Every structure is written in C-alpha cells, then in structure tokens.
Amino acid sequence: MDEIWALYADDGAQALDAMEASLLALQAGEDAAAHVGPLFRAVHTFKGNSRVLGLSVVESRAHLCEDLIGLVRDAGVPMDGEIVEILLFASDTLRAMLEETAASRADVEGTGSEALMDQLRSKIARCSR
C-alpha cells in the first residue's frame, strides 16, 4: 500500500498543477478554447484517483468541479470570471485535501470544504437555470 499512496500524492500533485496552470492562464486572458480541455482532464484525473482509494468526500468536491467545467464544455456556458475564481479556490482546497489525506491515508472531514460546495452548487444552479 506504500506504493499506491505515494502515487496518489505524486499523480495528484501533477493533476492539481495542471488545474491551477489552466486557471491562471485563463485569469491572465488566454482563451478558454486552449484551456477547458486540459482543465477538465486534470480534474477528472484527480477525481478518479480519489475514487480508486475510496476517498468519497474528496471525490465529491472534484466531481462538482467537473460538473461545472462540463457545463462550459458541453452546455454552452461561458467560462466567466466567476467560474475561474471558484475553481481557483477549489484547486487550493483540493491541494490541502491531497496533502492531508496522503498523510492520514484516509478520507478528509468535509467540514472545511462545505463553503466550497455551496459556491459550486450556487454557480452551477445560476448558470444553468
């Protein structure tokens, strides 16, 4: 089990690095066309990794991020400044969850990220009314 936990931390860091890079590029004024795919793939990878290890609370945060990014990719919602903002907050939150869970070899307590969940659910509802 040492090896899979090591890989969770390493692969997770690469995925979150890619998530953050795409979001920072968008914040700097690069076009969504170049970044929504990489962003989706990074979040999807992070989600799948957490699912492998049964980390359902971590998984649920990544899943809601993926839903929001999917609305942009598939349902014609623009990648507006608010989406970018919420996902940057999500990337920081996921990074803290990664560092903690990798070390506890267990799922996180959801309390600290309930605010993020509310923000994601709110943006999802508002831009897909």
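Numbering starts at 1 and follows the sequence shown.
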* To do: Taking the mean of the C-alpha B-factors per stretch from the entry, tell me the winner out of 94-102 and 59-67.
  => 94-102
* Asked: Looking at the entry, does 73-81 or 36-44 show the higher mean C-alpha B-factor?
  -> 73-81
* Could you say which of 117, 108, 21, 15 has its CA atom at the highest B factor, as listed in the PDB entry? => 108
* Asked: Mind checking which third residue 53 falls in for C-alpha B-factor across the chain?
  -> lowest
* With respect to C-alpha B-factor, does residue 28 fall in the lowest, middle or highest third of the chain as deposited? -> highest
